[PDB]
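In the order they appear, the protein sequences are chains A and B.
One point on numbering: in PDB author numbering, the residue at position 210 of the first sequence is 210, and numbering is uninterrupted.
One point on numbering: in PDB author numbering, the residue at position 154 of the second sequence is 154, and numbering is uninterrupted.
Read through the structure below, which is laid out as structure tokens, and then see the notes.
There are 2 protein chains.
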Amino acid sequence: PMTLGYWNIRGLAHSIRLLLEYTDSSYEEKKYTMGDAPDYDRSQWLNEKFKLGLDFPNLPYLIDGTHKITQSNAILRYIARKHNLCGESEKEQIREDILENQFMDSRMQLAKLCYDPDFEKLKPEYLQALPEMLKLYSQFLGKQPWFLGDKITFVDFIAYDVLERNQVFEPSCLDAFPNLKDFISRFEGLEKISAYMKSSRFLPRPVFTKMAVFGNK
Amino acid sequence: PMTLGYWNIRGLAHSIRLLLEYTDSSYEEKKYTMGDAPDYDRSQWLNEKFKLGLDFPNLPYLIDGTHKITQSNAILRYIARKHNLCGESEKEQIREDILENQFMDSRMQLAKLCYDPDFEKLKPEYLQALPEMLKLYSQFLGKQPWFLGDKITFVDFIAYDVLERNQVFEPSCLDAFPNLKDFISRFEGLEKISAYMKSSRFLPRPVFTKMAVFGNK
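Right, here's the structure in full:
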């Protein structure tokens with residue numbers, strides 16, 4: 001078995017869990033929690049942070065025998081690699097890295113709103129810019145069933161997440177982009193995935209359980 | 001002839017320059033520039049932005065014949081892959097993913113405060129939290145000449161710019177870490193790297209944007 005670990009919330013560990021299901025990987029989730037006090041105490045992780053014995057302690061993490069991986073991307077590539085879910089040619093590879101990185105910056109932009117207290121006043125900013133960075137993805141993807149081509153790679157697990165996050169934030173965001181919304185319906189079509197969305201284990205409390213009224217409240 | 005492209009000021013494209021020079025790649029730097037504070041006008045690029053045919057207009061970028069690339073890491077990996085500067089074994093594979101993504105984090109940490117309005121107030125914090133980061137690296141190298149092992153790869157280049165940038169903020173920061181020092185010495189003393197260092201083609205303005213009152217010159 002393997003061991004993944006993150007906060008009781010969504011966070012980065014999401015796609016990571018999704019990629020772990022598509023590969024039938026037998027993993028376990030050491031879930032850490034933030035103290036429900038007005039001020040959320042994050043010292044639960046801290047207590048173990050250094051005892052796990054990780055090269056660069058941080059959450060999320062994945063331990064596997066003689067392999068304790070850290071850094072969201074570093075964890076995904078590891079799994080994907082063991083299941084041929086990575087690009088094979090320079091071509092599919094340049095697309096792969098561009099996306100891999102891009103989606104991250106994009107993951108940040110949305111996350112910023114939540115990290116910043118003055119969300120409500122700054123929320124519009126992200127909303128107005130959305131379409132531009134959206135059409136870019138829908139154009140790059142184009143007529144492809146999966147972002148890279150006719151084969152599914154780890155990069156889709158990243159994609160889907162960054163696209164669902166914007167979908168729950170604002171549902172109309174994808175209506176003008178048929179292929180993008182269609183992309184999501186295809187992802188949420190994989191047996192191994194659909195089945196997972198019908199599992200006994202999913203959020204006990206709402207999304208963003210801790211931090212940001214964008215879920216916390 | 002490949003095509004690079006970034007603001008006149010050093011920025012983050014320092015690693016690509018070094019790698020390109022270490023790999024003897026013929027390249028033409030299409031240097032851009034902005035206006036002065038407060039009007040930080042960056043028109044030249046702004047207009048040119050989309051006509052370049054970049055599927056994801058962003059800076060920096062590299063136009064390699066057909067392969068037009070964006071995203072720092074992507075550009076680095078491309079070149080690094082062209083001349084075999086990468087990890088082969090799963091140990092080297094997993095190793096480079098960790099560091100590559102980690103250094104990016106640290107690189108995001110430093111700049112975030114130089115671009116920050118209260119730099120003169122955040123400064124002592126990063127100082128106090130520098131040794132943690134800096135030790136983590138020294139522990140992840142030990143007696144190895146290169147982070148990956150016995151091969152210089154793009155990681156060592158990316159690790160150089162960061163360790164270099166941090167050795168500016170506080171020149172003594174890495175003094176308590178002897179191997180980190182020998183590393184910097186090691187990189188700087190490479191047949192081709194040295195030649196580039198002491199050239200007439202090494203003159204972009206210092207550490208990041210002029211907005212930041214951090215080593216502007």
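Ideal Cβ positions, reconstructed from N, Cα and C, are used throughout, including at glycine.
Item to check | Cα-Cα separation, A:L134 to A:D161 | outcome: 14 Å
Checklist entry - Rounded to a whole number of angstroms, what is the C-alpha to C-alpha distance between A:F56 and B:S138? => result 11 Å
Checklist entry - Quick one, are the C-beta atoms of A:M2 and A:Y32 less than 8 Å apart? => result no
Checklist entry - Between A:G11, A:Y6, A:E29 and A:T23, which lies nearest to A:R201 when the distance is taken from Cα to Cα? => result A:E29
Next on the checklist: Which runs of the alpha helix (DSSP H) at least 4 residues long sit entirely within the stretch 118–177 of chain A? Give them in chain order.
Outcome noted: 119–141 and 154–169
Checklist entry - Got a sec? Which residues, its chain only, sit under 6 Å from A:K192 by beta carbon, not counting five neighbours each side? => result The residues are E21 and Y22.
Checklist entry - Unbroken alpha helix (DSSP H) runs of length 4 or more, entirely within the stretch 60–97 of chain A: which are they? => result 72–81
Checklist entry - Do B:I98 and A:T70 come within 8 Å of each other at the CB atom, strictly closer than that value? => result yes
Checklist entry - According to DSSP, is A:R17 helix, strand or coil? => result helix
Checklist entry - Would B:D97 count as contacting chain A if we go by Cβ distances under 8 Å? => result yes
Checklist entry - Do you know how far the Cα of A:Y196 is from the Cα of A:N166? => result 21 Å
Checklist entry - What do you reckon, are the CB atoms on B:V213 and B:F147 nearer than 8 Å? => result No Cβ-Cβ contact shorter than 8 Å links B:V213 with B:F147.
Next on the checklist: Strictly under 8 Å for the Cβ-Cβ distance: is B:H14 near chain A by that measure?
Outcome noted: no
Item to check | Minimum C-alpha distance to A:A111 - residue among A:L4, A:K217 and A:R10 | outcome: A:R10
Item to check | Beta-carbon proximity of A:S43 to A:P60, cut-off 8 Å | outcome: Their beta carbons are not under 8 Å apart, which means A:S43 does not touch A:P60 by this criterion.
Next on the checklist: Could you check whether the Cβ of B:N101 sits closer than 8 Å to any Cβ belonging to chain A?
Outcome noted: yes
Checklist entry - Where A:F50 and A:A13 are concerned, what is the direct C-alpha to C-alpha distance, given to the nearest angstrom? => result Cα-Cα distance, rounded: 19 Å.
Next on the checklist: Taking the beta carbon of A:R205 as the centre, do at least 16 other beta carbons fall within 10 Å, making it buried, or is it exposed?
Outcome noted: exposed
Checklist entry - Roughly how many angstroms lie between the CA atoms of B:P171 and B:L19, to the nearest whole one? => result The straight-line gap from Cα to Cα measures roughly 24 Å.
Next on the checklist: Quick check: is the beta carbon of B:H67 nearer than 8 Å to any beta carbon in chain A?
Outcome noted: yes
Checklist entry - Listing by chain order, which chain A residues have their CB less than 8 Å from the CB of B:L136? => result By Cβ distance, chain A contributes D55 and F56.
Checklist entry - Does DSSP classify A:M34 as helix, strand or coil? => result coil
Checklist entry - From B:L76 to A:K217, what does the alpha carbon distance come to, in whole angstroms? => result 42 Å
Next on the checklist: For B:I9, list the residues DSSP reports as bridge partners.
Outcome noted: B:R205
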